[PDB]
Amino acid sequence: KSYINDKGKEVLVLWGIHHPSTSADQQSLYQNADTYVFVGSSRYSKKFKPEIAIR
Amino acid sequence: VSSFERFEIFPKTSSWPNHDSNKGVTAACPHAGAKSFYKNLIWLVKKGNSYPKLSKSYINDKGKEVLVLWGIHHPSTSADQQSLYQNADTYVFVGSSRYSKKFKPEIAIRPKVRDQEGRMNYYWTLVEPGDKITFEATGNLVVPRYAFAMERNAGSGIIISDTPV
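These protein sequence lines are chains A and B, in that order. Counting the first sequence from 1 gives a position; the UniProt record's numbering is that position plus 179. Counting the second sequence from 1 gives a position; the UniProt record's numbering is that position plus 124.
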């Protein structure tokens, strides 16, 4: 999904990355064992790898 | 800076027999109309349909600090990754006595900037006299070509102005 800033000013965007406790909780929520998240803009680029462990 | 001399830390003609040192050009860095690239870096690309494991070292023998710069290339797609390096799962490693870091490319489509959906990160380090710096990669590495042996001063800054010198 993409968004283009057309509001004539800066847009503050917030988001989250979820790190489950166990592989079972991972599969209960997303069904995929080895996942990634990517966020990218013209000045931002970052890839997120979840860290599954019991805190 | 009290002393600043450029030298070819990794000569273009002889350093990379098993890799291509001439195809690493891009429309994002044009010169005289043609596609070009940075002068002090070489964008190594697979030779034939092969990118063998890369390993090159330099020992600072210049009697002073050496400024070394390099790049990591993050392609937009897996196809662009295979077009340039032929290897799907690659790494880059840079190591010295005070520097050690492993780089994993992040393949994804970023918004176009200068007609490029990929990205390239630029890094630098100061190699102390007598030290060794090692570059090791299976792809995505923009190897240094020119380094700079230098001696830093103390103070001064950067003036941003249209006032003439």
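Virtual Cβ for every residue (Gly too), placed ideally from N, Cα, C.
For residue i, return the contacting residues in chain A, with the cut-off set at a CB-CB distance below 8 Å.
i: B:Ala212; result: Going along chain A, no residue has its Cβ under 8 Å from B:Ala212, so there is no contact; the nearest lies around 15 Å.
Which residues share a DSSP beta bridge with residue i?
i: B:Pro268; result: B:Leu165
i: B:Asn245; result: B:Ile196
i: B:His143; result: Bridge partners of B:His143: none, in fact.
i: A:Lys225; result: A:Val218
i: B:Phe128; result: B:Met274
i: B:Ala261; result: B:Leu178 and B:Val216
i: B:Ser160; result: B:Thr150
List the residues of chain A whose Cβ lies closer than 7 Å to the Cβ of residue i, in chain order.
i: B:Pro235; result: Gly219, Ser220 and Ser221
Between residue i and chain B, is there a C-beta pair that is closer than 7 Å?
i: A:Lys226; result: yes
Measuring from the CB of residue i, is there a heavy atom of the ligand ZN at a distance below 6 Å?
i: A:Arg222; result: Absent from the structure shown: the ligand ZN. Ligands present: none.
With a threshold of 7 Å between beta-carbons, can residue i be considered close to chain A, or not?
i: residue 290 of chain B; result: With chain B covering 125 to 289 only, the question about residue 290 of chain B has no answer from this structure.
i: B:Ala273; result: no
i: B:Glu241; result: no
i: B:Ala152; result: no
i: B:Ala203; result: no
i: B:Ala232; result: yes
Of the choices the options, whose alpha-carbon is the least far from that of residue i?
i: B:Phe217; options: B:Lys225, B:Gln206 and B:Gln210; result: B:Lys225
i: B:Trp194; options: B:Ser285, B:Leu265 and B:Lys136; result: B:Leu265
i: A:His197; options: A:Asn184, A:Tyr182 and A:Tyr215; result: A:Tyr215
i: B:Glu260; options: B:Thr287, B:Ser179, B:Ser220 and B:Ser207; result: B:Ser179
By Cβ distance, which residues of its chain are closer than 8 Å to residue i, with the 5 residues on each side in sequence left out?
i: B:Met274; result: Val125, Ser127, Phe128, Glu129, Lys188, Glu189, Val190 and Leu191
i: B:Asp239; result: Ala151 and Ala152
Apart from the five residues just before and just after residue i, which ones in its own chain have a Cβ nearer than 7 Å to its Cβ?
i: B:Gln210; result: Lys170, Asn173, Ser174 and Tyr175
i: B:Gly263; result: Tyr175, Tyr209, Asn211 and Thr214
i: B:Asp185; result: none
Skipping 5 residues on each side, what residues in its chain have a beta carbon closer than 6 Å to that of residue i?
i: A:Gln205; result: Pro199 and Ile231
i: B:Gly219; result: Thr258
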